[PDB]
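Note sheet for the following structure.
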Amino acid sequence: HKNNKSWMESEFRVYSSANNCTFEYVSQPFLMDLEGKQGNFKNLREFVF
Amino acid sequence: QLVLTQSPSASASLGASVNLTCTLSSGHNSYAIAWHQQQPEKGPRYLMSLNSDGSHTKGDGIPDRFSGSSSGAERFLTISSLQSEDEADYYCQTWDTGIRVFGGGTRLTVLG
Amino acid sequence: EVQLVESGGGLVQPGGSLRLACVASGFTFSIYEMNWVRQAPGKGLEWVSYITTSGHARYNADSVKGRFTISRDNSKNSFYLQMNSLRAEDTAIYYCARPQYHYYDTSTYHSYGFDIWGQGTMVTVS
Ligand SMILES: *[C@@H]1O[C@H](CO)[C@@H](O[C@@H]2O[C@H](CO)[C@@H](O)[C@H](O)[C@H]2NC(C)=O)[C@H](O)[C@H]1NC(C)=O
Ligand SMILES: *[C@@H]1O[C@H](CO)[C@@H](O)[C@H](O)[C@H]1NC(C)=O
Ligand SMILES: *[C@@H]1O[C@H](CO)[C@@H](O)[C@H](O)[C@H]1NC(C)=O
């Protein structure tokens, strides 16, 4: 927004609405920033499901 | 990536002492930095370098008042007997593998 | 706008316990990682540590002798450095700075360069 300039994820387009909820979980994020080091290295993030 | 950190403002009566300072990361303490005088409504005019040892050099058209230094992982720079013509914006810049980076700005509300 | 204010001054001995605060206002705290700043009398800046948007820290830069510690209260929109042992050299004003690295950034990464410093709090100790 221009007046706030704040960025908020208060958007929902992957899902239209919510319903029938079973589980909720709040924790440390899975993807990791880890950025701050310099050079040409890239953030390769690997996952196993 | 890069931290090229600059003071948004520093205030004192006519006679203060900088010529603005830049902060670097732990991994690249020893790389040299440079700045560009983007004074308001004017384009970038190249004045303001720094090597990691603090050896000073003079630009064109401004007095010898200006100095420099170095300590630890950060980079420190100085003037003696501040004058009026230092109203400007500055831009830290170091060198990487084929990249000009150009850092970020120092829009400075120094009260002169 | 962007503005930062601080609190938590106090005259104590080395080894003491106080609460240093950098109240962050004018922007969303939930996504902005933050820093802390020391300015010894007539001496230059020495940064200590930071807490990222998630809550991780790094107590490097070797001016700290394993002395300063940091934390986060992300919900109340204030940034805290969890402090103990305020010592003699820490007579300083603490202009704390907002990184410009909101966690949604594109283009060349000159992010988290500090575009604004805090109002400052003077903590005289000797
Ligand atoms: C400023 O922020 C407020 C909330 O902090 C925004 O409010 C809602 O924003 C959503 C997203 O665009 C809109 O769909 C709603 O209509 C807004 N509601 C209200 C009551 O404002 C607001 O849009 C933001 N606006 C600006 C100009 O920054
Ligand atoms: C899910 O919610 C709907 C409400 O529209 C309900 O009819 C249905 O029985 C619910 N199913 C489960 C498994 O909870
Ligand atoms: C301070 O200003 C002078 C002006 O010419 C500039 O040459 C110098 O590089 C600056 N200081 C340092 C440490 O570079």
Side-chain angles (χ1 to χ4, degrees), chain B residues 2-12 16-29 31 33-36 38 50 54 67-80 89-110, chain C residues 1-6 22 24 26-27 32-50 52 57-65 68 89 92-103 105-120 122:
Chain B
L2 285 76
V3 290
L4 269 62
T5 284
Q6 292 178 334
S7 167
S9 295
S11 184
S17 181
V18 292
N19 64 5
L20 275 296
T21 178
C22 199
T23 295
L24 299 184
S25 53
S26 179
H28 295 283
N29 290 347
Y31 289 168
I33 64 171
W35 305 56
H36 297 284
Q38 206 266 312
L50 178 60
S67 297
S69 81
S70 178
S71 174
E74 298 185 0
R75 319 273 84 81
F76 292 163
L77 283 72
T78 43
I79 289 168
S80 296
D89 310 336
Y90 291 156
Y91 267 100
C92 279
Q93 189 274 331
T94 192
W95 302 263
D96 210 2
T97 295
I99 297 169
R100 182 66 178 172
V101 177
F102 207 74
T106 316
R107 77 288 190 194
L108 182 82
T109 47
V110 63
Chain C
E1 285 178 345
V2 288
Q3 70 276 17
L4 283 73
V5 286
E6 301 150 31
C22 167
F27 49 87
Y32 272 118
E33 50 86 21
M34 295 299 291
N35 68 353
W36 270 92
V37 168
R38 187 180 66 247
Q39 180 183 358
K43 177 78 217 163
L45 162 53
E46 291 93 5
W47 58 274
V48 285
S49 69
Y50 71 96
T52 188
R58 186 177 68 187
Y59 302 100
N60 54 352
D62 84 10
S63 68
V64 65
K65 300 289 95 175
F68 302 104
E89 292 293 328
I93 191 166
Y94 298 162
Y95 299 128
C96 62
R98 182 185 66 76
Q100 65 183 357
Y101 181 67
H102 50 275
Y103 182 75
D105 286 346
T106 61
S107 171
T108 304
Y109 284 100
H110 184 77
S111 60
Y112 46 87
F114 308 122
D115 287 26
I116 184 62
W117 292 353
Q119 187 266 327
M122 187 66 204

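Below, chain A is the first sequence line, B the second, and so on; all start at residue 1.
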From B:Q93 CD over to C:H110 NE2, what is the distance, rounded to the nearest 0.5 angstrom?
-> 12.0 Å
At a heavy-atom separation under 4.5 Å, does B:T21 approach chain C through its side chain, its backbone, both, or neither?
-> neither
OG1 of C:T108 to CZ of B:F102, rounded to nearest 0.5 Å, is 11.5 Å
Calculate, to the nearest 0.5 Å, the distance between atoms CZ and CD1 belonging to B:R107 and C:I116 respectively.
-> 6.5 Å
Please name the pair of heavy atoms, one in B:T5 and one in C:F114, separated by the smallest distance, quoted to 0.1 Å.
-> CG2-CD1, 3.3 Å
Below 4.5 Å from any heavy atom of chain B, which atoms of C:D115 appear? Answer side chain, backbone, both or neither.
-> both
Please report the closest heavy-atom contact between C:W47 and B:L24, naming both atoms and the distance.
-> NE1-O, 4.1 Å
Which atoms of B:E74 approach chain C - backbone, side chain, both or neither, heavy atom under 4.5 Å = side chain
Atom pair CD (C:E46) and OG1 (B:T23), whose distance is rounded to the nearest 0.5 Å | 10.0 Å
Report, as yes or no, whether the 6.0 Å neighbourhood of atom OH on B:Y31 holds more than 12 heavy atoms from other residues, nucleotides or ligands.
-> no
Over 12 foreign heavy atoms within 6.0 Å of CD, C:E89 = no
Supply the atom-to-atom distance C:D62 CG to B:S26 OG, rounded to the nearest 0.5 angstrom.
-> 7.5 Å
Does the side-chain contact (heavy atoms from CB on, under 4.5 Å) test come out yes or no for B:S9 and C:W117, once each step is laid out?
-> CA-CA 8 Å; B:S9 295; C:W117 292 353; over 6 Å; no
